[PDB]
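So the sequence lines, in the order shown, correspond to chains I and E.
Note that the first sequence covers residues 1 to 56 in the deposited numbering.
Note that the second sequence covers residues 16 to 34, 37 to 64, 66 to 125, 127 to 130, 132 to 184, 184A, 185 to 188, 188A, 189 to 204, 209 to 217, 219 to 221, 221A, 222 to 245 in the deposited numbering.
From the three backbone atoms N, C-alpha and C, an ideal C-beta is built for every residue, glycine too.
For reference, the structure discussed in these notes is given below.
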Amino acid sequence: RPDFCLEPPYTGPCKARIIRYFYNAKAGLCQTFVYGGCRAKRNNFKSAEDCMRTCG
Amino acid sequence: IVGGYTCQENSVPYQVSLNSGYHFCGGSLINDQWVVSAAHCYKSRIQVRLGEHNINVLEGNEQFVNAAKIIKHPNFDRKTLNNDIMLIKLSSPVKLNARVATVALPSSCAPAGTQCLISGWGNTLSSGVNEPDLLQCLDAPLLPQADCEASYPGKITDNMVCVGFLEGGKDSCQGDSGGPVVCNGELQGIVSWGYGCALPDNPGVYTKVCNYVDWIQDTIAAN
Ligand SMILES: [Ca+2]
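Rendered as structure tokens:
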């Protein structure tokens, strides 16, 4: 699978509270995390389906 | 808000919560029909909740109003966060009272050293996650621009101001964005960004509201 799928979730410097999905390789599944609102990394999805399709 | 204290019930009447299913940002009521927040808090659909204290319990003083117009600053940069400010026009004017009041726009730019009040329902931990039910408050000073720049080399513009402590411990955090920084009864800052929360050498960075008073007034009068 792509390398960005193995990176930990990135909240970013912004201080909003936006729920996004990320692939947790250690668990082998997509989970939610708090995204700050700006400068998102690639392991950041708006849905679990898109997350699993890209990093599954 | 990390290292703060629970605000006295309805002691920050101008504070609002931006909700699109759950609380995601804060804001400030500047007049009966307009709220100011951070541009990175943009969402196509936004419900504004006023008169709040406990964000998870219906208390009876709350007013829920949908946003009719969402206007971000035309020069907002999603990468550098320069001009991180946005205006929201409500569907209908709110009823102003003790729990719901407006905050005055700046008469001028407050100098470094000015004590201010920051508030929000954001994370209260620097490490880990603890979302408060009750509105949190924090007393903190505007920091000298040179210290702000030394903390964030080459990332601070004239439209930003650092507020907090260079030793860390107290700061705004995720969930606080768009919230107010009030000094002497005037809105001088808007929670925007920072590296982590309450970390040493990295105090919160805020939008310098005194640079946008005219843009705010011109936009309000034109919409
Ligand atoms: Ca409530």
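Here E:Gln64 carries a strand assignment [DSSP, helix/strand/coil]. Scanning E:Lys188A, E:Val231, E:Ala116 for the CA closest to the CA of E:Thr177 turns up E:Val231.
Per DSSP, reduced to three states, the secondary structure at I:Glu7 is coil, with no helix or strand assignment. Distances from the CA of I:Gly36 to each of E:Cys220, E:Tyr234, E:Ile242, E:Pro225 were compared; the closest alpha carbon is that of E:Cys220.
E:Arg62 counts as exposed, since fewer than 16 other beta carbons sit within 10 angstroms of its beta carbon.
When rounded, the separation of the alpha-carbon atoms in E:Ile106 and I:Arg1 is 42 Å. E:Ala55 sits in coil when the DSSP states are folded into three classes, being neither helix nor strand.
In chain order, the residues that have a beta carbon nearer than 6 Å to some heavy atom of ligand 1 are E:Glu70, E:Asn72, E:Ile73, E:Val75, E:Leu76, E:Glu77, E:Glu80.
Taking each of E:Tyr228, E:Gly140, E:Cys201 in turn and checking the Cα distance to E:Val17, the smallest one comes out for E:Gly140. Interface annotation, E:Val52: not in contact with chain I, CB-CB separation never under 8 Å.
E:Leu209 has a beta carbon lying at 8 Å or more from every beta carbon in chain I.
Collapsing the DSSP output to three states places E:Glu151 in coil. Legend: CB atoms of the region 15-31 of chain I lying less than 7 Å from CB atoms of chain E belong to residues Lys15, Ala16, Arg17, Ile18.
With a cutoff of 8 Å on beta-carbon distance, E:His91 and E:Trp215 are scored as not near each other.
With distances taken between CA atoms, E:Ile88 lies nearest to E:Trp51 out of E:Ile73, E:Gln81, E:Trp51, E:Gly69. If you compare the alpha carbons of E:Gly203, E:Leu33, E:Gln135, E:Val112 with that of E:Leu163, the shortest gap goes to E:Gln135.
Judged by beta-carbon spacing, E:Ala85 lies within the 8 Å limit of E:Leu108, meaning their Cβ atoms are closer than that value.
Two segments are said to touch when three or more pairs of C-beta atoms, one from each, lie closer than 8 Å; by this definition the region 1-19 of chain I touches the region 41-59 of chain E. For a cut-off of 8 Å, the C-beta gap from E:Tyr217 to E:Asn224 is around 4 Å, short enough to register as a contact. Under the three-state reduction of DSSP output, E:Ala221 falls in the coil class, being neither helix nor strand. Leaving aside the five residues that flank E:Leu185 on each side, the residues in its chain whose CB is nearer than 8 Å to its CB run, in chain order, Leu163, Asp167, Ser171, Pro222, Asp223, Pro225. At the C-beta level, E:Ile103 and E:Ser190 stay beyond 8 Å of one another. DSSP places E:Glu169 inside the alpha helix (DSSP H), whose first and last residues are 165-171. Annotation for I:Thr32: no alpha helix (DSSP H) segment contains it, though the beta strand (DSSP E) segment containing it runs 29-35. E:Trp215 belongs to the set of residues whose beta carbon lies under 8 Å from a beta carbon in chain I.
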